[PDB]
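# Summary of the model geometry
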There are 2 protein chains.
Amino acid sequence: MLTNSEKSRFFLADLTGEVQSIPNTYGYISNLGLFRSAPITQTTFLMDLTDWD
Amino acid sequence: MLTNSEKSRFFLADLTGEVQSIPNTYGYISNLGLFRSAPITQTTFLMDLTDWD
């Protein structure tokens, strides 16, 4: 693939290709499967607690 | 299940179950079954001890 030179409009130079970089993305805990899914239909929710000795 | 909001009688919010806690109960020695049941009729009992040399 011939392209324009570095500092001239009439000479040609050879282009090789691209070098892509992608950031790292850790996903250990996400795929561990600990957390369950509990969809709700309200802005908030409540919960009760109990105990005895 | 839907219930009243935190501070409004005319709004609803979701109630997500309950959580319970129970005290611990160790039973190791009872399960060992060392002791026998010897029911009696009176409020006291006696025994005899003997020996020789």
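Residues numbered from 1 in each chain as written, not as in the entry; some residues may be left out. Chains lettered and ligands numbered in written order. Part of a larger assembly, values for the part shown. Heavy atoms only, no water. Residues with missing side-chain atoms left out of burial classes, pairs and counts.

For this deposited structure, the header cites cryo-EM as the method used and 3.37 Å as the resolution.

## Focus on the overall build of chain A
Note the threshold: A run of H or I in DSSP becomes a helix once it reaches four residues, and a run of E becomes a strand once it reaches two; helices and strands are each numbered from the N terminus. Throughout, radius of gyration means the C-alpha value; the globule benchmark is 2.2 Å times the number of residues raised to the power 0.38. The buried label goes to any residue with under 20% of its type's maximum accessible area, the exposed label to any with over 50%, and the partly exposed label to all in between, with areas taken from a 1.4 Å probe on protein chains only. A 1.4 Å probe and the Shrake-Rupley method give the accessible areas. Residues count as covered only by the protein chains that appear here.
Summing up its helical and strand segments, chain A has one helix and three strands in all. Scaling as 2.2 N^0.38, a compact globule of 53 residues should have a C-alpha radius of gyration of about 10 Å, whereas chain A reaches 30 Å, well beyond that. In terms of principal-axis extent, the alpha carbons of chain A reach across some 90 × 25 × 15 Å. Residue burial in chain A is summarised as follows: out of 53 residues, 4% are buried. Total accessible area on chain A stands at roughly 6000 Å², and carbon and sulfur atoms take up 57% of it.

## Examining the sheet that holds strand β2 (residues 12–21) of chain B
Rule in force here: Pairs of strands are assigned from DSSP output, requiring at least two bridges between the strands. Every axis in this analysis is a line fitted to C-alpha atoms, fitted for helices over the stretch in contact. Angles between the N-to-C directions lie between 0 and 180 degrees.
Taken in spatial order, the three strands make up an open sheet running β3(A)-β2(B)-β1(B), and their pairing is mixed. Sheet topology places β3 (45–51) of chain A together with β1 (2–4) of chain B at the edges, where each strand pairs with a single neighbour. Looking at each pair of strands side by side, their axes are set apart by 50° on average, direction ignored. As judged from the six bridges shared by β3 of chain A and β2 of chain B, these two strands associate in the parallel manner. The residue bridging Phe 45 of chain A from the neighbouring strand is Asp 14 of chain B, located in β2 of chain B.

## Examining the environment of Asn 24 of chain B
Secondary-structure assignment places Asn 24 of chain B in the loop between β2 and α1 (28–32). Residues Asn 24 of chain B and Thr 43 of chain B, 19 residues apart in the sequence, show an inter-C-alpha distance of 34 Å.

## Comments concerning the interface of chain B and chain A
To keep it simple, the criterion reads: Only heavy atoms matter for contacts: two residues are in contact if any of them lie within 4.5 Å across the pair. Buried area is a sum: the accessible area each of two parts loses on coming together, probed at 1.4 Å, counted once for each and added. Any carboxyl oxygen of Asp or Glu that lies within 4 Å of a side-chain nitrogen of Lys or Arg is treated as forming a salt bridge with it. Counting of polar contacts relies on pairs of N or O atoms within 3.5 Å, with two restrictions inside protein: one atom must be capable of donating a hydrogen and the other of accepting it, and residues adjacent in sequence are counted only when both atoms are side-chain atoms. Each residue gets one label: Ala, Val, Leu, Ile, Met, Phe, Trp, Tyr, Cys and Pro are nonpolar, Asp, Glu, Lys and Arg are charged, and the others, such as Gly, are polar.
Facing 16 residues of chain B, the contacting portion of chain A comprises 12 residues. Carbon and sulfur atoms supply 53% of the area that chain B and chain A bury against each other, a total of about 1200 Å² over both sides. On the surface where chain B and chain A come into contact, there are zero salt bridges. Where chain B touches chain A, the interface holds eight residue pairs in polar contact. The set of elements that each furnish at least two residues to the side of chain B that touches chain A consists of β1 and β2 of chain B. Counting residues per element, the side of chain B that touches chain A draws most heavily on β2 of chain B, at 10 residues. When its residues are assigned to classes, the side of chain B that touches chain A shows seven nonpolar, six polar and three charged.

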